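Q: Chains as they are written, first to last, in our numbering: chain A, -9 to 123; chain B, 11 to 235; chain C, 1444 to 1579; chain D, 24 to 75; chain E, 22 to 121; chain F, 2 to 146; chain G, 11 to 126; chain H, 40 to 170; chain I, 463 to 558. All residues carry an ideal CB built from backbone N, CA and C; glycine is no exception. Please see the structure below; I have some questions.
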Amino acid sequence: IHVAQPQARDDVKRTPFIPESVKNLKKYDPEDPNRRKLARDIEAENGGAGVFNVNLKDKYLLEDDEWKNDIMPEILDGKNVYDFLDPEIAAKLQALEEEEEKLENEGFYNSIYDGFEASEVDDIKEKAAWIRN
Amino acid sequence: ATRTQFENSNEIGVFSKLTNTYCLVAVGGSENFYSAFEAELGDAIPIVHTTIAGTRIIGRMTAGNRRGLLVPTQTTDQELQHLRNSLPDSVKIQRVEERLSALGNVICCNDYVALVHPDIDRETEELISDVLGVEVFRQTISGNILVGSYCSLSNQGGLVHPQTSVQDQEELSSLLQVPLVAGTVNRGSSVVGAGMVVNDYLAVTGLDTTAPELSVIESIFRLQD
Amino acid sequence: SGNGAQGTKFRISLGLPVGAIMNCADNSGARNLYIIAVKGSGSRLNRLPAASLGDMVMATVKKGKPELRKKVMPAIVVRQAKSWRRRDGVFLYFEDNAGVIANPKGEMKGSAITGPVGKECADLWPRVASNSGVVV
Amino acid sequence: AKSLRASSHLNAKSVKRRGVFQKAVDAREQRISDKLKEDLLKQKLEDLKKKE
Amino acid sequence: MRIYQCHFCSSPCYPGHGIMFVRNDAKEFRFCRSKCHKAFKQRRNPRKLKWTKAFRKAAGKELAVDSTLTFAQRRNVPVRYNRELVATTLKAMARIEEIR
Amino acid sequence: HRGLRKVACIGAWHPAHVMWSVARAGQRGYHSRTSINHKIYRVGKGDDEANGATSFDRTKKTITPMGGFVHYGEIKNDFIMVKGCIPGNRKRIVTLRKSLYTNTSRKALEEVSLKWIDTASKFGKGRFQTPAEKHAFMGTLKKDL
Amino acid sequence: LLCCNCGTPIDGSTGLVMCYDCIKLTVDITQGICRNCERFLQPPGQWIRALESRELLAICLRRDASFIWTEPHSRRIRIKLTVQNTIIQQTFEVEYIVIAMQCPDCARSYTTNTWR
Amino acid sequence: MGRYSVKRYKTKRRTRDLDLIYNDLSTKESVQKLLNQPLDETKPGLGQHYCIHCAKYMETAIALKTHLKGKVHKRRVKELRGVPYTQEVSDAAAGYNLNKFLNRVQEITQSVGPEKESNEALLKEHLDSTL
Amino acid sequence: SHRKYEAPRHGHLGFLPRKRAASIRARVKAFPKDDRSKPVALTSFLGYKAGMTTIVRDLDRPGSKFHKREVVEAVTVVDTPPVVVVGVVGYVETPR
RNA sequence: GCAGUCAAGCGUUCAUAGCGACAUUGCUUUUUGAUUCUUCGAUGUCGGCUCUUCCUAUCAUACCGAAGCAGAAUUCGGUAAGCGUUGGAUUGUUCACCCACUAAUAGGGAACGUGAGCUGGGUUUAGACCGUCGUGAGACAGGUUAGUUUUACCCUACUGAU
């Protein structure tokens, strides 16, 4: 029956970690007039075990309980929303909205033959259209 | 120590993950398995119904400790957003891409020390050290390759699988700084990582774990005051 | 389901009928298997009993260590290569057929399993998920 | 397994008809019949437009 | 739902379409449709086939390097769901789509 | 000899008749059928633009696919979505009876919530949902400018 | 390494499992296995004449060895036999129920054409 | 489909592919692995004479001399020069993970590139003096 | 002679005779009975079947193994314009 | 072949919970005989494949009663044919025999179901070899090889259509 040891390797060591809320927690008692209910007792009080529905929501922390049950979009025309959301979107989008304003004035968006005028630059294309037919 | 069986399977570490600050359980069917963790933990630490890649086997797919939780590539964005909501801000969560999906068989760890599979890539090997805040050592238990199912750790002590040579125990315990005992769980099953779950103050094993093996488990992890 | 398989198995396309040699994935010492029957199967005139991703089959060994050769033993399929349906909308298939061998309870004989294991088999058999290096 | 026409299930099913599943049907046929009297209202308002 | 692009087509693969393929290296190959799939079994080259998007970003067609395209990467750090973040990103996606 | 797509033995010397149940050849299809317990998902309106828009998608699109249905025009009316497969084919007339009894199973009581409706082209392998998508993905063309 | 359900330390190596006598009970090793002639039948074609050493071997072929004393009049044959990592010898019983079917050789006397 | 594409390109008869082969050429350890493989009964050259580019076993050492002077092998050398086309290129063309893409192209151009082209210059020199 | 290998019948004898129906509108043979405590509720309706499409749905089915998971399935789309009443018919119960 | 009745020995005690020897009375034609009735100006004379229906003497499923029935697992019996009854190695084989699944791998009939539905492996002409017998032609239902499978458009029956 061999047992092993830490064997004095390095100076860095942990003490084992127990949260204080478990030491503050009362010990659970099975036959008990006053007690916390259970996940069982909420399950069997309305329908049986397999047929009762448990909300996975209303069990998680947020800023407001008003949006604890809201629904994410998850898909738009733009590909999928879980890829687009971020920290500082609008801070990064104003770096994009500034990329319009330097291009608008410089003529990046903007709407003729030498020696040949409107009746002559048209008619060469008009005479060539007859030759191809 | 507490004997608990998922629906009729004595394998618990397959189906559930247990850290110091949180605990994860599958969603299969009825809330008999979830309530047994309420009896020991209560509203102290969060206990979460979750799925990983649309499966029930969440204990062998994830691998983490009291700081971080790592999830594999096939985890959907709905499953990932669900874990972040149910766990508070003290816990870090990061989705990891790898050649190998099952992280629980590949990472065994306590709060500061982790062992890994040898073939794991070093782009994850830095990521384990950053998220979990732990050290990483590339090691094989007894010439067996999966470090998660054939070993189990806590900050208290450690338990390994019974093919481990005694020469291998004293070397491997020097890496983990904890005591090690070769033992069995669930009546002679070699797989000691998947049978039981353990943190510093609680250990849940199957209904087929014998009373002499409860004497082994409760002593090596020192559950008594 | 049957012995040891927890829960119910959802329907997937039948990839391996009787007489199909499939590769042996674990490190037990065999190289291939040979399906001779499928447990939990039906009974209809002239049907060959067909397996799928994650059913327990009776299988023999054609190539490998002589101790595991010439005796029938149960085996569990982990890779299919006949494309099935996940209930989220994508059909998928693996490279090649594969199976690991097991006792009738559902416990492994080897310790390691190479290659990816099918997700539908990893839910149903807990011990295969324990030795799974790669899932899906 | 019992047949579909067995007496032990049909005595078990008919209790579920008395309880949960009739009242959701009674909740259904009320909400349908609310829209049916509203169909008489919107189509007589268009008749009130043609009288103008 | 994760409208991932074709491995060969670079076109969106809605849920309920195409085939997936899994190699022994255990990466996934999610295919747009059967044309792309049967062209993968034959071992072809999307740098050579003119009709795919991997060709058009290569040979000097449609713009590849642009700051509008860096916003939609991937996230493994989940942002804990404020509403007013989600309301911005629904306006953000329709804005980038106009600039793109 | 003389065929292989048939039934070999058809009777016996007694009774000296072909029985009424021996699977002969004849008419197939165009029979009247009734299939029960089909579950209604979506009831939408014709004036209600964005019928295909769920609570997730939020893209203003109607359930009419790109270029309409195949051998059938546009849905610009009220519609019913029901799961499975109604007996009959396209542009045929169905009658929609209601359930004949109080249904007992848990499946026939649940509240559905559609997460996404496909509106891609059914005349071919559809990859785009709306022509606003295809024009976004293809980019500009020669025929535009 | 505590043997399961004993409490006794065993070797940490590849050995058997569980105490060799905590395993000796728990494993099971067997787990599987003419009215006018009085001539017992060999299943292909033969009808060997006949409770002990000679016929005791032929009943083992279809099923030490010993035959218990059950009853002459009723149609039972019961036999005890021992089966002989772990080597182990365990015995068990098999009831072979006797049925009677007519000897075609000794059916011929009833059809008057005996000689041939 | 037809007669020909079914015969050679099922899933029973698949080669390895251009993805996994490029990892084998990128470093010196894996090159020195695959030349010195342990001999097996089932491998065709008894577990020797393995071409890394065309992942193909040869029977004899003469059968490597005729393979390298061939337009089947000279296809595959011209195949594996540039960026090896993972899944990341197909998403980068859509406007998805460019910084994932533009950093790997930065890696293969400067770092892995002249290392990969050094392993090929040694293999053509190491398979020359042995033949 | 006893068939040597029992097998189930091919095809159903309930749906005989297999023949072309009298119309492209199948008539309804039976109705839900009469519940005389309810509002006046029209029973059946008539519309035109028009193609199919695919639907993903978050399966909220307690007890299933796809509980809280996504499930794709196919639906039908039937064009259903409004319908206008033109007649009333009464039926006397007879002993025929 | 199956079922009654008498009950010898047994089931440590005690005939009748359960087994069962032989006396004695029967039924069945899925047995071999007995007859040679109808067919010798051909009723195409083995098995398998395909396919429908019927019988109950019930292997499984439903509901019950009994015990030498704690539970679990079985054993015996009653009403019961609504619904099931397989995939394979060897043989031309029914028959037999083992391997494996399964709830279970029950027993029979309909011209020994079914050849203008098949198949031709077997049997059963002409060719040929061997063994025994015969002086000889030849014999052997002993062994072994090679050996043509014909028509429906007619009336009825049936599945559909006017």
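#1: Can you tell which of 78/B, 55/B and 41/B has the C-alpha that lies nearest to the C-alpha of residue 29/A?
#2: Taking residue 84/F and residue 537/I to be in contact with their CB atoms under 8 Å, please state how far apart those CB atoms are, rounded to whole angstroms.
#3: CB-CB under 6 Å to residue 145/B, same chain, minus the five flanking residues each way: which ones, in chain order?
#4: May I ask you to verify whether the region 98 to 105 of chain B touches the region 92 to 106 of chain E, counting CB pairs closer than 8 Å and requiring at least 3?
#5: Out of 92/E, 113/E and 34/E, point me to the one whose CA is closest to residue 134/F's CA.
#6: Roughly how many whole angstroms lie between the Cα atoms of residue 77/H and residue 60/H?
#7: May I have the straight-line CA-CA distance separating residue 61/B from residue 1444/C, to the nearest angstrom?
#8: Using the Cα positions of residue 476/I and residue 24/F, report the straight-line distance between them to the nearest angstrom.
#9: Return the residue from the list 1547/C, 1459/C, 1552/C and 1474/C that minimises the CA-CA distance to residue 81/H.
#10: Show which residues of chain F have a CB atom less than 9 Å away from the CB atom of residue 28/D.
#11: Below 9 Å on C-beta distance, what does residue 56/D contact in chain I?
#12: Tell me residue 33/G's beta-bridge partners as DSSP assigns them.
#13: Under 8 Å, do residue 32/E and residue 75/E count as touching if we go by C-beta distance?
#14: My output table needs one value for residue 88/B: the three-state DSSP class, helix, strand or coil.
#15: Along chain C, which residues have their Cβ under 9 Å away from the Cβ of residue 510/I?
#16: Mind checking whether residue 68/G and residue 91/G have CB atoms under 8 Å apart?
#17: Please classify residue 535/I: does DSSP put it in a helix, a strand, or coil?
#18: The beta strand (DSSP E) spanning residue 92/G covers which residue range?
#19: With DSSP run on the structure shown, which of helix, strand or coil describes residue 1569/C?
#20: Are the C-beta atoms of residue 1531/C and some chain I residue less than 8 Å apart?
#21: CB residue 127/G to CB residue 39/G, shorter than 8 Å?
#22: Do you know whose CA, among 548/I, 497/I, 503/I and 496/I, lies nearest residue 123/D's CA?
#23: Beta strand (DSSP E) containing residue 1478/C: first to last residue?
#24: Leaving aside the five residues before and after residue 232/B along the sequence, list all residues of the same chain whose C-beta is less than 6 Å from its C-beta, in chain order.
#25: Leaving aside the five residues before and after residue 1549/C along the sequence, list all residues of the same chain whose C-beta is less than 7 Å from its C-beta, in chain order.
#26: Please decide whether residue 1538/C counts as near chain E, where near means a Cβ-Cβ distance under 8 Å.
#27: Using a Cβ-Cβ cut-off of less than 8 Å, give me the residues of the region 88 to 121 of chain E that come near chain A, in sequence order.
#28: Does residue 47/E come within less than 8 Å of chain C when only Cβ atoms are used?
#29: Would you mind working out which of 1520/C, 1526/C and 1559/C sits nearest residue 1544/C, comparing C-alpha positions?
#30: With the cut-off set at 8 Å, would you say residue 57/H and residue 153/H are in Cβ contact?
#31: Distance cutoff 8 Å, beta carbons only. Does residue 61/B sit that close to anything in chain I?
#32: Considering only residues of the region 1482 to 1530 of chain C, which uninterrupted beta strand (DSSP E) runs meet the minimum length of 3 residues and lie entirely inside it, listed in chain order?
#33: When you compare the CB positions of residue 1500/C and residue 1511/C, do they come within less than 8 Å of one another, or not?
#34: Evaluate contact between the region 483 to 497 of chain I and the region 39 to 51 of chain D, counting only Cβ atoms and requiring at least three cross-stretch pairs below 8 Å.
#35: Of all the residues that make up the region 512 to 532 of chain I, which are near chain E by a beta-carbon distance shorter than 8 Å?
#36: Just by C-beta distance, which residues in the region 179 to 193 of chain B are closer than 7 Å to chain A?
A: With the structure as the only source:
#1: On the first sequence, position 39 is the one that residue 29/A refers to. Closest by alpha carbon: 41/B.
#2: Mapped onto the sixth sequence, residue 84/F falls at position 83. Mapped onto the ninth sequence, residue 537/I falls at position 75. The Cβ separation is near 5 Å, so the contact holds.
#3: Mapped onto the second sequence, residue 145/B falls at position 135. For residue 145/B, where only same-chain residues beyond five positions count, the Cβ hits under 6 Å are 123.
#4: yes
#5: In the sixth sequence, residue 134/F corresponds to position 133, counting from 1. The residue with the shortest Cα to Cα distance from residue 134/F is 34/E.
#6: Translated into the one-based positions of the eighth sequence, residue 77/H becomes position 38. Translated into the one-based positions of the eighth sequence, residue 60/H becomes position 21. Rounded to the nearest angstrom, the two C-alpha atoms are 19 Å apart.
#7: For the purposes of this step, residue 61/B is taken as the residue at position 51 of the second sequence. For the purposes of this step, residue 1444/C is taken as the residue at position 1 of the third sequence. Their backbone Cα atoms lie some 22 Å apart in a straight line.
#8: Stepping through the ninth sequence from its first residue, residue 476/I is reached at position 14. Stepping through the sixth sequence from its first residue, residue 24/F is reached at position 23. Between residue 476/I and residue 24/F, the C-alpha separation is close to 13 Å.
#9: On the eighth sequence, residue 81/H is found 42 positions in, with the first residue counted as 1. Of the candidates 1547/C, 1459/C, 1552/C and 1474/C, the one whose C-alpha sits nearest the C-alpha of residue 81/H is 1474/C.
#10: If you number the fourth sequence from 1, residue 28/D lands on position 5. Neighbours of residue 28/D on chain F: none; closest Cβ ~15 Å, over 9 Å.
#11: Within the fourth sequence, numbered from 1, the residue matching residue 56/D stands at position 33. Simply 500, 501, 502 and 503.
#12: To locate residue 33/G, count along the seventh sequence from 1; it is residue 23. Note: residue 33/G sits in no beta bridge, so no partner.
#13: Reading the fifth sequence from its first residue, position 11 is the one you call residue 32/E. Reading the fifth sequence from its first residue, position 54 is the one you call residue 75/E. No, they are not a contact pair.
#14: The residue you call residue 88/B lines up with position 78 of the second sequence. Residue 88/B: helix per DSSP, three-state reduction.
#15: By one-based count along the ninth sequence, residue 510/I stands at place 48. By Cβ distance, chain C contributes nothing, its closest Cβ being about 27 Å from residue 510/I, past 9 Å.
#16: On the seventh sequence, residue 68/G is found 58 positions in, with the first residue counted as 1. On the seventh sequence, residue 91/G is found 81 positions in, with the first residue counted as 1. Not a contact, by the Cβ cut-off of 8 Å.
#17: The count along the ninth sequence starts at 1 and reaches residue 535/I at position 73. DSSP places residue 535/I in strand when its eight states are reduced to three.
#18: Here residue 92/G is taken as the residue at index 82 of the seventh sequence, counted from 1. Where residue 92/G is concerned, the enclosing beta strand (DSSP E) stretches over 86 to 92.
#19: Numbered from 1 along the third sequence, position 126 holds the residue referred to as residue 1569/C. Helix.
#20: Sequence index remark: in the third sequence, residue 1531/C carries index 88 (1-based). So yes, residue 1531/C belongs to the interface.
#21: No answer is possible for residue 127/G: it lies beyond the span of chain G, which begins at 11 and ends at 126.
#22: Outside the displayed span of chain D (24 to 75) sits residue 123/D, for which this structure offers no information.
#23: For the purposes of this step, residue 1478/C is taken as the residue at position 35 of the third sequence. Segment 1475 to 1481, the beta strand (DSSP E) holding residue 1478/C.
#24: Here residue 232/B refers to the residue found at position 222 when the second sequence is read from its first residue. Hits under 6 Å: 166.
#25: Counted from its first residue, the third sequence places residue 1549/C at position 106. Within the same chain, residue 1549/C has close Cβ partners 1446, 1447, 1448, 1568 and 1570.
#26: Sequence index remark: in the third sequence, residue 1538/C carries index 95 (1-based). Chain E, which has a Cβ nearer than 8 Å to the Cβ of residue 1538/C, makes this yes.
#27: 88, 89, 92, 93, 94, 95, 96, 100, 101, 102, 103, 104, 106, 107, 109, 110, 111, 113, 114, 115, 116, 117, 118 and 120
#28: Here residue 47/E corresponds to residue number 26 of the fifth sequence, with the count starting at 1. Yes, its Cβ sits closer than 8 Å to a Cβ of chain C.
#29: Within the third sequence, residue 1544/C is the residue found at index 101, counting from 1. Minimum Cα distance to residue 1544/C is reached at 1520/C.
#30: Locating residue 57/H in the eighth sequence gives position 18, where the first residue counts as 1. Locating residue 153/H in the eighth sequence gives position 114, where the first residue counts as 1. It is not a contact, given that the beta carbons lie outside the stated cut-off.
#31: Along the second sequence, read from residue 1 onward, the residue named residue 61/B stands at position 51. Yes, because at least one Cβ of chain I sits closer than 8 Å to the Cβ of residue 61/B.
#32: 1499 to 1504 and 1516 to 1522
#33: Mapped onto the third sequence, residue 1500/C falls at position 57. Mapped onto the third sequence, residue 1511/C falls at position 68. No; because the gap between Cβ atoms is not below 8 Å, this pair is not in contact.
#34: no
#35: 516, 518 and 532
#36: 179, 180, 183, 184, 187, 188, 189, 190 and 191
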